[PDB]
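Here is the structure we will look at.
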Amino acid sequence: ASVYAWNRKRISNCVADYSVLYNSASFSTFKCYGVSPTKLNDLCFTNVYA
Amino acid sequence: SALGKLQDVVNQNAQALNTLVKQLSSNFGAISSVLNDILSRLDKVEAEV
Amino acid sequence: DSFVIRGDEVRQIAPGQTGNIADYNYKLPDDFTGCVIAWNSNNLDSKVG
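Residue numbers (the deposited numbering), protein chains in the order written: chain A, 348 to 397; chain B, 943 to 991; chain C, 398 to 446.
So this is what it looks like as structure tokens:
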């Protein structure tokens with residue numbers, strides 16, 4: 348989407364691997380807040396919104 | 943009503959301990975009051991701070 | 398300590414990092430005392446094909 352009217356995708360009812368994301372150095376930035384990017388595989392969430 | 947001086951000495955020691963326990967629920971500027979949140983969510987380079 | 402890596406992977410050459418260079422090739426200690434010096438060597442270390 349255009350940034351004035353951004354997408355919001357509900358991510359739910361699944362197992363997710365974040366190591367496959369943050370190790371893909373093609374990402375020019377990978378900030379995280381309240382969590383370490385390396386630690387995400389040891390956690391669960393009620394939903395995730397992308 | 944007579945033993946107010948002795949019941950006061952019981953009450954002050956209990957209120958001081960209950961206050962000392964309640965302060966474990968405070969954040970003090972951390973991400974959580976619960977130390978296992980900090981340790982389960984962060985790497986040492988963040989968790990030490 | 399001396400080596401060649403691609404320009405993206407230079408950001409893994411710091412204490413407490415993770416990813417294939419930090420994990421499997423060259424790991425710095427959490428309390429490293431020292432300096433990391435890096436430069437583009439495309440003129441010396443690249444070759445055609």
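Ideal Cβ placement from N, Cα and C applies to all residues, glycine included.
- Does any CB atom of chain A fall closer than 8 Å to the CB of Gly-446 of chain C? No, its Cβ sits nowhere closer than 8 Å to a Cβ of chain A.
Sort A:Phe-392, A:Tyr-396, A:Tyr-380, A:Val-395 by Cα distance to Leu-984 of chain B and report the nearest one.
A:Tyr-380
Once DSSP output is grouped into helix, strand and coil, what is the label at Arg-355 of chain A? coil
- Task: Would you kindly work out how many angstroms separate the C-alpha atoms of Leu-425 of chain C and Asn-960 of chain B, rounded to a whole number?
- Result: 45 Å
Next item on the list: Would you mind telling me which residues of chain A sit closer than 9 Å to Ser-982 of chain B, beta carbon to beta carbon, in chain order?
Entry: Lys-386, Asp-389, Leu-390
For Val-362 of chain A, which residues in chain B fall below 9 Å Cβ to Cβ?
None at all; the shortest Cβ gap to chain B is about 18 Å.
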